[PDB]
Amino acid sequence: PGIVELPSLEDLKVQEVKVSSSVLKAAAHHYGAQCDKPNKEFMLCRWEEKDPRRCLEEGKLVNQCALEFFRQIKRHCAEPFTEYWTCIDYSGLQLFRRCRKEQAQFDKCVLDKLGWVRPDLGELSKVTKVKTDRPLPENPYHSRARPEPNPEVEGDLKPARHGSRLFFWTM
Amino acid sequence: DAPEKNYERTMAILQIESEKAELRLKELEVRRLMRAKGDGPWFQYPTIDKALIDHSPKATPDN
Ligand SMILES: CCCCCCCCCCCCCCCCCC(=O)OC[C@H](COP(=O)([O-])OC[C@H](O)COP(=O)([O-])OC[C@H](COC(=O)CCCCCCCCCCCCCCCCC)OC(=O)CCCCCCCCCCCCCCCCC)OC(=O)CCCCCCCCCCCCCCCCC
């Protein structure tokens, strides 16, 4: 069949978010609050195109928005954030319930200096709506032409011509 | 019986039996073509209902 069409290595180069999973988990709720729109454009493009090769520009916008998010954290509230993700990072399961005072420090400094509000319980799990400008994929499964079905039955059901026609049975 | 009655009743018998014989020949030919091609109402062995397919957005997008 056809040759698979991959993007080049220069199409995949982007400045990475080189932070740990506890760093990402510490500012996860503010990341969901502040980086909503390009992330949801990307995940809508990802569930509609069903192809990661059709989602590279949206992923690059995701990475750019995440980098601007952590640069906006680092300029204003770097030390309460470091105090908070170190305490998140200590735990094996990385509990949020173990670190509520460092969370209160980080959320206080973030609300005072950056105006960000941490979302309530239930908000990040909402199904939102996304205003895209790309067209809707007309055939994302690349489904070919379907086979035409067998013809249905029609007409009034007349009696059997001369019965069963079973050798001599006249009915 | 009259020769008229026997003669014309014989003709009616011959009509009905020749009609049934040509219908049996067509019965064999229709059965042969529907087993061979499979495009009639007979020999429609079941495939999977596509009403059983879930079309919801799943957990992973590549599907
Ligand atoms: C307005 C409302 C009121 C209207 C009223 C109208 C009616 C008024 C009269 C009321 C009574 C009606 C009775 C039924 C209608 C007539 C049926 C008939 O004669 O069909 C002829 C039928 C075919 O001949 P036909 O000349 O082409 O048709 C004339 C009509 O058009 C026949 O019409 P058809 O073309 O539409 O027939 C369709 C088709 C025509 O037939 C065919 O297409 C041929 C295939 C028939 C079956 C062949 C099977 C062969 C292999 C098995 C053999 C088994 C053993 C034989 C018997 C052993 C002893 C029991 O019939 C069948 O296939 C039916 C199966 C056979 C049963 C016949 C009816 C029996 C009714 C009484 C039962 C009593 C027991 C009888 C003995 C049991 C065995 C029959 O004859 C036979 O098949 C010969 C076998 C004997 C038939 C039974 C005769 C009925 C009266 C029996 C009275 C005496 C009983 C004695 C005591 C019991 C036995 C010890």
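A quick note on method: Cβ atoms are made from the backbone with ideal geometry, for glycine too, and the neighbour counts reach across all protein chains shown. We did not get these values from a lab; they are worked out from the coordinates using the rules stated.
Summary of values
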| quantity | calculated |
| --- | --- |
| Point-charge dipole on Cβ atoms (K/R +1, D/E -1) for chain B, about Cα centre, debye to 20 | 240 debye |
| Relative pair counts by distance (%), Cα atoms of segment A:37-79, 5 Å bins | 6, 25, 22, 16, 12, 10, 6, 4, 0 |
| Orientation-averaged projected area, Cα convex hull of segment A:1-70 (nm²) | 5.7 nm² |
| Value in Å of the Kirkwood radius, where the protein assembly as shown supplies the Cα pairs that are averaged | 25.8 Å |
| Relative contact order [Cα under 8 Å, 6+ residues apart], chain A, whole percent | 25 percent |
| 29 Å Cα-Cα threshold exceeded, pairs from A:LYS37/A:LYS113; A:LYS25/A:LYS60; A:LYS108/A:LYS131 | A:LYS108/A:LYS131 |
| Nitroxide proxy distance, nm - points 7 Å out along Cα→Cβ at A:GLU138 and A:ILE3 | 2.6 nm |
| Given charges at beta-carbon only (K, R positive; D, E negative), |dipole| of segment A:1-144 in Debye | 400 debye |
| Separation between Cα centres of segment B:1-35 and segment A:94-171, rounded to whole Å | 59 Å |
| Separation in nanometres of the label points that stand 7 Å from Cα toward Cβ, at B:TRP42 and A:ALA28 | 6.4 nm |
| Estimated distance in nm for a label pair at A:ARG75 and A:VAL117, the labels positioned 7 Å out from Cα along Cα-to-Cβ | 2.4 nm |
